[PDB]
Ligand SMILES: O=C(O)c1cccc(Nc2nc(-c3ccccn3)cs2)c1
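First, one chain by itself in structure tokens, the form deposited without the named molecule.
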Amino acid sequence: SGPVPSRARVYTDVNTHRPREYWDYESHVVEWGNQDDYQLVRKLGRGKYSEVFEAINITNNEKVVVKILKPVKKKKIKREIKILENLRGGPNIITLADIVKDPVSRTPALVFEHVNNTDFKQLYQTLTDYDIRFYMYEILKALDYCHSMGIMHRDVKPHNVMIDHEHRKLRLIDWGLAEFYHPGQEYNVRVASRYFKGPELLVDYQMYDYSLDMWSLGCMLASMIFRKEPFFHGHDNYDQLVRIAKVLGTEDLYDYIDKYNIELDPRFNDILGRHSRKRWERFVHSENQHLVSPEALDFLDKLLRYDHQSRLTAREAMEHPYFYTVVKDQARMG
């Protein structure tokens, strides 16, 4: 009795083909910038999830966003900084600018590029079918890039997507749970907010990969097209799989449990029991029908699969018909 090993379908050994220092964050020596160069303007309010500030970098007068990280392990701080530096410049990924410690708290602070405060959460339930397609493809750009750079985000959810309303500039943020993918590495199942936890985390399948981000994105998509926030509404980690099972059916769940020989608690197995597969047309109602099309259902169907290996890659996702017209967007800004 033992869980079978798994491998990522794409970008499998990207980190291996790179030098050690690219992914060996525990050896990274953190370069510090001057605190006296940054002055905080106003508390930008991450909804009391974190300490986010507007700040002026006085040495160049430019505006910066400063986040003071809640006191975590030295290991996890090293990770994020190395991840952000490596990902710097990529499409729709927050640009890290400086690393500073606060003198009145001894707490590390991250400095980011110009950001206007609009959380995707309070927007994604009121947007056109076209703009759902537009921003989804923008997120994919970030995820395809960061996966190719050997990094799983591990907290894909609308609260961690920031959108500049007026410029339509989308930045994927919150890389505090992000981790370098290495073939054959066991990863923590504690990552990701429950509503966006993939089946792999929910069954304790520990050798998952980038394909985790794609499930979460499927949950985000499901939320937008059906106007159900959130789509899978688990009141419990166990109930989260129940809510999933009541939609995709239990059959394919037991294929997934069998395939990778995952040992699931026979008591949890009892509660899961037998649920039939539901077609998405049953989530369709008057309010959301205009936000739903066959290509939307097809894409989502190819994201919300139990078997992580059978979910679309970020690249395969960017080539789906669902985004066919939106790739030709004419960047109208009013």
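When you see a residue number, it is the position in the sequence shown, counting from 1. Take the two forms, superpose them, and find the largest set of C-alpha atoms that agree within 1.5 Å; that set is the rigid core.
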| query | finding |
| --- | --- |
| Mean Cα B-factor comparison, 217-225 or 105-113, giving the higher one as deposited | 105-113 |
| Higher-B stretch (mean Cα B-factor, as the entry records it), 190-198 or 117-125 | 117-125 |
| Identity of residue with top Cα B-factor, from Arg171, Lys157, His147, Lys75 | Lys75 |
| Residue selected from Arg243, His153, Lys259, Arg133 by maximal Cα B factor | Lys259 |
| Chain third (lowest, middle, highest) by recorded CA B-factor, residue given as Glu166 | highest |
| Third assignment of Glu54 from its chain's C-alpha B-factors | lowest |
| Entry-reported Cα temperature factor of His285, expressed as the chain third it lands in | highest |
| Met207 CA temperature factor, ranked by third within the chain | middle |
| B-factor third for the C-alpha atom of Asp98 within its chain | middle |
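If you look for the form solved in complex with the named molecule, you will not find it shown, but the lines that follow are about it.
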item: Open or blocked, the named molecule overlaid from its pose in the deposited bound form onto this form, 2.4 Å backbone/C-beta test; value: blocked
item: Candidate from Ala142, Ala245, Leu87, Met162 lying within 4.5 Å of the named molecule in the deposited bound form - any heavy atom; value: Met162
item: The named molecule: the contacting residue among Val115, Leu253, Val203, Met207 in the deposited bound form [heavy atom, 4.5 Å]; value: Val115
item: 4.5 angstroms heavy atom contact with the named molecule in the deposited bound form for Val52; value: yes
item: 4.5 Å heavy atom contact, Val65 to the named molecule in the deposited bound form; value: yes
item: In the deposited bound form, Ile173 touching the named molecule (heavy atom, 4.5 Å); value: yes
item: Distance check, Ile94 to the named molecule in the deposited bound form, heavy atom within 4.5 Å; value: yes
item: Residue showing a 2 Å-or-more C-alpha displacement between this form and the one not shown once the rigid core is overlaid, selected from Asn188, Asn261, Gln122, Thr128; value: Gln122
item: Threshold 2 Å Cα movement between this form and the one not shown for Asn288, core superposed; value: no
item: Is_shifted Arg46 between this form and the one not shown (CA, 2 Å cut-off, rigid core); value: yes
item: Distance trend in the deposited bound form - C-alpha atoms of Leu177 and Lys48, change of 3 Å or more; value: closer
item: Cα distance between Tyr49 and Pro158, which in the deposited bound form differs by 3 Å or more from this form, closer or farther; value: farther
